[PDB]
């Protein structure tokens, strides 16, 4: 399961819950890619805290949206990754985008 909450103007928290299979990955990709293109989203906070696991294609989901954001000088935050997700994202050098904090601390930072 997942939530796409527009916590504040053009900032979306992608909240992940339990398993994220490839149908769900595709639902997120379509909605959020469109939102970036339209300018409705310029900051994504990925909250991985309560993700159990996700399809293989979820890594690409994140990385693809990072490239779409970079184009509009958008911001990406990887919040509270589990050991598997921290490993896969560190492999791609994304340490600088990963952080461990409360969701409110992360959101308030980008306010």
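Numbering follows the first chain given and starts at 1.
- Stretch comparison (69-77 versus 55-63) by mean CA B-factor in the PDB entry places 69-77 on top.
- Just going by the entry, 11-19 versus 93-101 on mean CA temperature factor gives the higher value to 93-101.
- Of the candidates 28, 36, 44, 85, it is 85 whose Cα B-factor is highest according to the PDB record.
- Per-chain ranking of the deposited C-alpha B factor places residue 107 in the middle third.
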